[PDB]
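In: Following this: a sequence and the matching experimental structure.
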Amino acid sequence: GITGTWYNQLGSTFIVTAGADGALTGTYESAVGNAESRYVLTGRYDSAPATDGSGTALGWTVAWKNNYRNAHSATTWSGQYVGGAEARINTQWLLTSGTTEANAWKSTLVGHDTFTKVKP
Amino acid sequence: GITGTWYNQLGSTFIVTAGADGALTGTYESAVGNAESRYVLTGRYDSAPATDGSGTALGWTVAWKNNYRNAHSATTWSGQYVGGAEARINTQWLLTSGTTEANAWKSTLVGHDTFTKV
Amino acid sequence: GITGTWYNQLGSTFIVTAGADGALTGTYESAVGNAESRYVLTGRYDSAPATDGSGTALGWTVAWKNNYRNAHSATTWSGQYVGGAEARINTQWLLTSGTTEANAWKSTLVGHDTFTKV
Amino acid sequence: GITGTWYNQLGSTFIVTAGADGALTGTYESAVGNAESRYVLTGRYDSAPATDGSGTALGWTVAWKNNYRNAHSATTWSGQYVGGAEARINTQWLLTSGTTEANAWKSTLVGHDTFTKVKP
Ligand SMILES: O=C(CCCC[C@@H]1SC[C@@H]2NC(=O)N[C@@H]21)NCCNC(=O)c1c(-c2ccccc2)cccc1-c1ccccc1
Ligand SMILES: O=C(CCCC[C@@H]1SC[C@@H]2NC(=O)N[C@@H]21)NCCNC(=O)c1c(-c2ccccc2)cccc1-c1ccccc1
Ligand SMILES: O=C(CCCC[C@@H]1SC[C@@H]2NC(=O)N[C@@H]21)NCCNC(=O)c1c(-c2ccccc2)cccc1-c1ccccc1
Ligand SMILES: O=C(CCCC[C@@H]1SC[C@@H]2NC(=O)N[C@@H]21)NCCNC(=O)c1c(-c2ccccc2)cccc1-c1ccccc1
């Protein structure tokens, strides 16, 4: 299932609990960027996915403020969980920083992360 | 600041409460798509933003399942709150549906919404 | 239709000619970023679009090198032309810079531009 | 170099010539979607990349009309070429379909493609 400890291709660690009714709650530790230690994450997932072999839609957010650092930014990941012998969460993400209105055009990075349960 | 009722350019409704710990909680009603009634949202925001004229970074997620409908999809909005009179939240979003592996290339829509506080 | 001079909400300038074969060619001048003067653009559009009220799909690219400056980056705009009086091109864009492998995660910005025909 | 025949992770074929002054010109055959045979592509790349080990920025567009089909849509790929023993083009893409104004919110798919010169 979705609940567990996941790692992306950068070595970031995503520890999450999937609640029965659709909540995602956990912590995220980024291997890159202006970040140290764990950050709070929350999100949602489809708690009754289709029964046709499709993945399970989900998303979550981290605001990059914790007890140690504040990067004045937030990332959201949107994607799907694909179960099986080697489960995956395939995502695309948007990282928005707080900017002035004049710099808003350069506020948001986009990328993609693949998560597996394999510890690097 | 963030706490309140917001609408976007499609006529969708966002009711949110921003907690002291950086939490966002509330409900979302979409004017479009495979959606009816309110859906749970959850997210996070920068609870100690810069005071140099920058927006406040925030994001949230809605999974499009409630007790009335399930679209097997989820949207995340990533953006920033711009306060003052005429408060706005400017976002870009990703909407992913659950797909088979063969259809995964067409799983995700992208767009942008502007929210106005009422 | 598409052929002409366009501006966006940032004050950038897009001069384009749409060819019978689906080609777009022209020049772009950005109001923002690491850019000065005109840059070559090239792209494609649907030269036989639907006539049922749909926009006309199109995209183009600018690499941010000209004979005056090089920002080691490139933007692509993907969107659709909506004709008539008050013609518009509504787009979303991806701006990728050349990076080292360690910095690749932060290579690409995303945004949206609306162009108005003059 | 960039000039050559590339394949993505779906098995699509990207045949391109990189002109000396920044042009990309070629053809694209998609393994998926409403597509058959080759489609014209054009784009641009940085014809004088940095000399610090960075990739080469580039982008290109395909409108999905050819002699056989018209899907009333266009894809742009934005990314970078990374040379070496196993050269790659790493991209993110936007696929916009012509829609009514009311359906514009659902006009654009986003994804990512990785290209290599290895024929599947
Ligand atoms: O670095 C972070 C937090 C960690 C992000 C980690 C990302 S989440 C998507 C991806 N997946 C993963 O596991 N890790 C990465 N936030 C960006 C904060 N922005 C700046 O510091 C900044 C930047 C910038 C932007 C992106 C990446 C690196 C640097 C550039 C210019 C200005 C700023 C800036 C300055 C003042 C206030 C706010 C932002
Ligand atoms: O419609 C929704 C839920 C509501 C989204 C509203 C969006 S959120 C971003 C934006 N902002 C806002 O306020 N409203 C919109 N989700 C997409 C569900 N997808 C499908 O049913 C689907 C579609 C499709 C695409 C767009 C709109 C409607 C339907 C196309 C092909 C296949 C599917 C599909 C089939 C089976 C299972 C899952 C998806
Ligand atoms: O500024 C440009 C060229 C002009 C883009 C204009 C954009 S196109 C989408 C939008 N629409 C429009 O009309 N104008 C804007 N390219 C980015 C170059 N990147 C860097 O120099 C860079 C940056 C950065 C990010 C945003 C703006 C300015 C600079 C941040 C970190 C590192 C780099 C960097 C360093 C070395 C080599 C390449 C990139
Ligand atoms: O399928 C294509 C062309 C081929 C795209 C291949 C993509 S390019 C990004 C990726 N990389 C790659 O190598 N292959 C894929 N265009 C989409 C045309 N849209 C529709 O037919 C359509 C769809 C839809 C959207 C995306 C994918 C599949 C289907 C859904 C609803 C309505 C339409 C539609 C109807 C009438 C007119 C236009 C669009």
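Out: Yep, it's here. Residues are numbered from 1 along each chain as shown, chains lettered A, B, ... in the order given. Ligands and ions are numbered 1, 2, ... in the order given.
In: what packs against the top strand by length along chain A?
Out: In chain A, taking DSSP state E as the definition, the longest strand is strand A:70-82. Contacts defined by 3 or more CB pairs under 8 Å, 6 or more residues apart in numbering or on different chains; DSSP states H and E place strand A:70-82 against strand A:56-65, strand A:88-97, strand B:39-45, strand B:56-65, strand B:70-82, strand B:88-97. The way it works is simple: take the backbone N, C-alpha and C, and place the C-beta from them, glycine included.
In: if we go to 6 Å?
Out: Identification of packing neighbours for strand A:70-82 by 3 or more CB pairs under 6 Å, 6 or more residues apart in numbering or on different chains; DSSP states H and E yields strand A:56-65, strand A:88-97, strand B:56-65, strand B:70-82, strand B:88-97.
In: hmm, the first one touching ligand 2?
Out: Same thing as strand A:56-65. No: using CB under 6 Å from any ligand atom, strand A:56-65 stays clear of ligand 2, coming no nearer than 7.6 Å.
In: Can you list the helices and strands that that strand packs against?
Out: On a contact count with 3+ CB pairs under 6 Å, 6+ apart, strand A:56-65 meets strand A:39-45, strand A:70-82, strand B:39-45, strand B:56-65, strand B:70-82.
In: which one of those strands is the most hemmed in?
Out: Mean neighbours per residue, mean count of other CB atoms under 10 Å in any protein chain shown, is largest over those for strand B:56-65, with a mean of 28.
In: Name the residues of chain A found near chain B, please.
Out: Contact residues, chain A versus chain B (CB under 6 Å from any CB of the partner chain): A:22, A:42-46, A:48-50, A:53-59, A:61, A:63, A:65, A:70, A:72-74, A:76, A:78-80, A:92, A:94, A:96-100, A:108.
In: got the angle between the longest strand of chain A and strand A:4-8?
Out: Orientation check (axes from the mean of the first three to the mean of the last three CA atoms, to 10 degrees): strand A:70-82 against strand A:4-8 gives 110 degrees.
In: what are the pairing partners of strand A:70-82, and which direction each?
Out: Next to strand A:70-82 in the sheet, as set by DSSP bridges, lie strand A:56-65 (antiparallel), strand A:88-97 (antiparallel).
In: Contacts made by the first one with the rest, please.
Out: Spelled out, it's strand A:56-65. With contact meaning CB atoms under 6 Å, 6 or more residues apart in numbering or on different chains, strand A:56-65 is reached by A:24, A:28, A:35, A:39, A:41, A:43, A:45-46, A:49, A:71, A:73-78, A:80-81, B:22, B:43-46, B:59-61, B:72-74, B:76, B:96-98.
In: The last one too?
Out: Counting contacts by CB under 6 Å, 6+ apart, the residues outside strand A:88-97 that touch it are A:73-82, A:107-116, B:57, B:78-80, B:92, B:94, B:108.
In: Tell me who's in contact with the residue in chain A that ligand 3 sits nearest to.
Out: Taking CB to the nearest ligand atom as the measure, chain A has residue A:106 as its residue closest to ligand 3, at 4.2 Å. When contacts are counted by CB under 6 Å, 6+ apart, residue A:106 touches residue C:109.
In: for the closest residue to residue A:38 other than its chain neighbours, which residues make a bridge with it?
Out: The shortest distance from residue A:38 to any non-neighbouring residue, by CB to CB, 6 or more residues apart in numbering or on different chains, is to residue A:27 (4.2 Å). When bridges are called by DSSP bridges, residue A:27 pairs up with residue A:15, residue A:40.
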